[PDB]
Each structure stands twice: as C-alpha cells, then as structure tokens.
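Asks: Need a 3D model of the following:
(one chain, ligands or ions: 2)
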Amino acid sequence: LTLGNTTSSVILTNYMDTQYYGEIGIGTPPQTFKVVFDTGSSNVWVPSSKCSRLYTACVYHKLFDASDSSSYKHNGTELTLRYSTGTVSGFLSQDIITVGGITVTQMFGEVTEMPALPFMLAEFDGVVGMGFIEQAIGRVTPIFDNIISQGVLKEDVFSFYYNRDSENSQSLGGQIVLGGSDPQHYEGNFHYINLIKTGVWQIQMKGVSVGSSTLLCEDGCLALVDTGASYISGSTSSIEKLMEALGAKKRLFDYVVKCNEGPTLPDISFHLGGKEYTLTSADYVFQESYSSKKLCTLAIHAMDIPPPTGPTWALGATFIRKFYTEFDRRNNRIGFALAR
Ligand SMILES: CC(C)[C@H](C[C@H](O)[C@@H](N)CN1CC(=O)N(c2ccccc2Cl)CC1(C)C)C(=O)NCC(C)(C)C(N)=O
Ligand SMILES: *[C@@H]1O[C@H](CO)[C@@H](O)[C@H](O)[C@H]1NC(C)=O
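Replies: Residues are numbered from 1 along each chain as shown. Ligands and ions are numbered 1, 2, ... in the order given. Provided below are the atomic coordinates:
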C-alpha cells in the first residue's frame, strides 16, 4: 500500500434526493457517463452500444461504443450483476476511465441487458462499485483498488457528501473525496464503527428505536451503508413493526402517511458504534404538501437482502444526507460525522 499526496473530488448531481451521480470518462477520446457510486456492489458497468434497442432502458441512456475507443482492450467474458432490486448483464471490457481528474486502466462491464424496471427510472447511465474486491463479480478489481495502486492518494479512504436540497442547481448535489474527506461538509468529530466481516461496508447495529420505546432489534442486527441506495431499509418484518409505530399505510413499494401527519412523526434513532444517530420526521418524510387529502411517501421501506450479506438494514442517501460518511479501507471502519 503506497500513499501519495493527492486527493480527488467528484461533483455529484442530486436527482430527487434518490439518485446521486457524477460523470466519468471512458475510452479515447473520453465517452462521458452518469454513474452512481455504489458502496453496495464492487463492479463497474455502463450500458453498452452492443445492447439490443429492444431494451428501452438502453435507448434512453448513453451507450459505450468500444469501436470508438483507440485505448479499448477486448475481453468478452460474460458477466451478471444481481442487485436486490434489479439485474444487469454484459461482458467484461478494459479501457481507460477518468474519474475526478484521475486516470486509471480499468476492467468494466458493458451491459447489453438492462430491464426497463428499474433502469428506466434511473437518471444515471451506470454504476461504479465502491465495495470490496471480495464481492466483485468475476473477481474484477474494484476501480478504487486500482487507483490506490497508483500510489497517489493521501489516504486509503473516500468520503461521501449528499446535499439535502435537490432543487436549486446553483448548489452542489453532493461530493466524493477520493483519498480522504472534506472538512467543509461535516462538523464536530467522526465516530467510527469497524466492519463486521471483511469485503463489505457493513457494521454492527445495536438497535433501532422509533421515538419513545426501543421497539426494534434489541438483540442486534447489521447495517450496510449503501451510498447507492435511495433510502434506509430494514427486513420486511422489522419495517412492518417500525411503520406500525408511525401509522404509515403500507403500499406496493413503500409506506405512506397522510401529509398532515408528517411533521408530528416521532424520531428514529440507530444505535451504531456507541452513538445514537437520530432522524427527525423532516429527515425521512418527503413532505411535499400538508393536506390530509394528499399522501406523502417515506424515505424508508422494506427490502430483504438475501444471505450471505443479508438480512441487514441498508443505510442509504436518507441517512448520508444527514451524516457525512467516511469509508476507511485502511482500518475496516466507517466514520460518521454530522454533515454541514
Ligand atoms: C447487497 C445490497 C445492499 C446491494 C445493493 C446495490 O448495491 C444497490 N445499491 C445498487 N443500486 C440498486 C438500484 O436500484 N439503483 C437504482 C436507484 C434508483 C433508480 C434506479 C435504480 Cl436501478 C441504483 C443501483 C446503484 C443500481 C446489492 O444487491 N449488491 C449486489 C451484490 C450483492 C451481488 C453485490 N454486488 O455485492
Ligand atoms: C479477461 O481478463 C481476465 C483476467 O486477467 C483474463 O484471465 C481473461 O483471459 C480475459 N479474457 C480474455 C480471454 O481475453
């Protein structure tokens, strides 16, 4: 592990507080893509030009055309990434990728199959896994791992900043610091919690409480920080409990409450690493109205991650929006500091 004296930031655009993506360049000349940086997975893919136009998701997204890159290097091994919400498939390809000014030779997947649901709802073109190599499908080396290998980053860590406001443009949707963290988006001190098992940004969850009582997971559970997840999530069971206390009316893909009821919803604290990270209703309730005739969805819902990783709580944007997060690959730890 060689540490340099560099840092690199990636400006992120905030889409409806559910999607945060930056741009990256691939091939020569560079072909730009909108990608979400996902600590949940570990691979890199962008929709490929060799993707049938019968997949409408490919018709609506930028497509990488290896035939246009002079730096491209063929591989072709079949690849499939099975996320808990959708799946993509294609083949491995190598080319130069430019991220935050940094340039690195990277092996990535060219997707030739992306189902309309959920990808037609994706404002980004692809993903950049920030997970560990151990979880990389096809044993493909994670982009960050390769970067670290250049011996230029200051620390074997990267931080995430997600802005609340999604509507303003003049402001920055978010920021990722490769090689450290940015003191301008957090205040106070960082409080760490080591990873449980290596190869996964997952940690011990000593309990989730909904306001008054500690009505959830008294025996403990795990929380996986997914900077590529729109919301916070618990096992279908746990959430039926958590919502019950909120009085949310469960629907097909989420829970809602009458808009008037929104403000008077109780806080929700996650006990992590010996600290209570509490959220107020305003932090997990898409207000958007105050009428009792209207419905307002919650930035929280059920999602059961299959084993070996699951079951587990997933802390996504809804959590990172309030708590600036540092990922420490050096000490298998995750720091949480109050965003600013
Ligand atoms: C384990 C789980 C937390 C993890 C979750 C996963 O990273 C997601 N955040 C990825 N995401 C799921 C999703 O629905 N995303 C999404 C968000 C809004 C609109 C459309 C989409 Cl497609 C974003 C992405 C980044 C595509 C997972 O399913 N990993 C796959 C696997 C387990 C195979 C792995 N590679 O480790
Ligand atoms: C793809 O890369 C892997 C890893 O180095 C290599 O073993 C494989 O042969 C490559 N694909 C081919 C056959 O070109």
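Asks: State the number of residues packed around whatever residue of the chain ends up closest to ligand 2.
Replies: Closest contact between the chain and ligand 2, by C-beta to the nearest ligand atom, is at residue 75 (3.7 Å). For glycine as for every other residue, the C-beta is placed from the backbone atoms N, C-alpha and C. Residues near residue 75, counting by other C-beta atoms under 10 Å, number 15.
Asks: for residue 222, same thing?
Replies: Neighbour count of residue 222, defined by other C-beta under 10 Å: 19.
Asks: Buried residues in the lengthiest helix in the chain, which are they?
Replies: For the chain, the helix with the greatest residue count under DSSP state H is helix 236-246. Buried positions in helix 236-246, judged by neighbour count with 16 or more other C-beta atoms under 10 Å: 238-239, 242-243, 245-246.
Asks: in which helix or strand would I find residue 9?
Replies: Under the criterion of DSSP states H and E, residue 9 resides in strand 8-15.
Asks: wait, does stretch 127-137 contact ligand 2?
Replies: No - on the criterion C-beta under 6 Å from any ligand atom, stretch 127-137 is out of touch with ligand 2, staying 11.7 Å away.
Asks: Contact residues of the stretch 101-250 of the chain facing ligand 1?
Replies: Along the stretch 101-250 of the chain, the residues adjacent to ligand 1 under the rule C-beta under 6 Å from any ligand atom are 118-119, 121-122, 127, 131, 135, 137, 224, 226, 228-230.
Asks: Pull the most distant pair out of those.
Replies: Spatial extent of those (C-beta to C-beta) is set by the pair 121 and 135 at 24.5 Å.
Asks: Comparing the two, which shows the higher neighbour count?
Replies: Higher neighbour count among residue 121 and residue 135: residue 135, with 17 against 11, using other C-beta under 10 Å.
Asks: that older thread, please name the bridge partners of the closest residue to the residue of the chain closest to ligand 2 other than its chain neighbours.
Replies: Leaving aside its chain neighbours, residue 75 sits nearest to residue 92 (4.2 Å; criterion: C-beta to C-beta, 6 or more residues apart in numbering). Counting by DSSP bridges, residue 92 forms beta bridges with residue 109.
Asks: Does residue 92 touch residue 79 like I think?
Replies: Yes - contact criterion C-beta atoms under 8 Å: residue 92 and residue 79 qualify, at 5.6 Å.
Asks: For the two, work out which one has more neighbours and name it.
Replies: Ranked by neighbour count (other C-beta under 10 Å), residue 92 and residue 79 place residue 79 first, with 22 against 19.
Asks: Looking from ligand 1, tell me which residue of this structure is nearest.
Replies: Using C-beta to the nearest ligand atom, the closest approach of the chain to ligand 1 is made by residue 40 at 2.3 Å.
Asks: wait, isn't that residue in contact with residue 83?
Replies: Yes - counting by C-beta under 8 Å, residue 83 is a contact partner of residue 40 at 7.4 Å.
Asks: Settle it for me: which of these two has more neighbours?
Replies: Taking neighbours as other C-beta under 10 Å, residue 40 and residue 83 compare with residue 40 leading, 26 against 15.
Asks: contacting residues around the more buried one?
Replies: Residues counted as contacts of residue 40 (C-beta atoms under 8 Å, 6 or more residues apart in numbering) are 83, 129, 131, 201, 224, 226-229, 314.
Asks: how about a cut-off of 10 Å?
Replies: Applying C-beta atoms under 10 Å, 6 or more residues apart in numbering to residue 40 gives the contacts 83-85, 127, 129-131, 135, 200-202, 224-229, 305, 309, 314, 316.
Asks: What's the PyMOL line that selects buried ones from the residues you listed?
Replies: A single PyMOL command selects the buried members of these (16+ other C-beta under 10 Å):
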select buried, resi 84+127+129+130+131+135+200+201+202+224+225+226+227+228+229+305+309+314+316
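Asks: In strands, which of the contacts of residue 40 appear?
Replies: If you go by DSSP state E, the contacts of residue 40 have 127, 129, 202, 224-225, 314 in strands.
Asks: These: which two are farthest apart?
Replies: 127 and 202 (18.5 Å).
Asks: Can you list the helices and strands that the helix or strand hosting residue 188 packs against?
Replies: According to DSSP H and E, residue 188 maps onto strand 186-194. The contact analysis (3 or more C-beta pairs under 10 Å, 6 or more residues apart in numbering; DSSP states H and E) places strand 186-194 against strand 157-162, strand 202-209, strand 268-272, strand 275-279, strand 323-328, strand 333-339.
Asks: which phi and psi does the nearest residue to residue 296 once chain neighbours are set aside have?
Replies: Using C-beta to C-beta, 6+ apart and skipping residues adjacent in sequence, the residue nearest residue 296 is residue 259, 4.6 Å away. Residue 259 adopts backbone torsions of phi -50, psi -30, taken as degrees, to the nearest 10.
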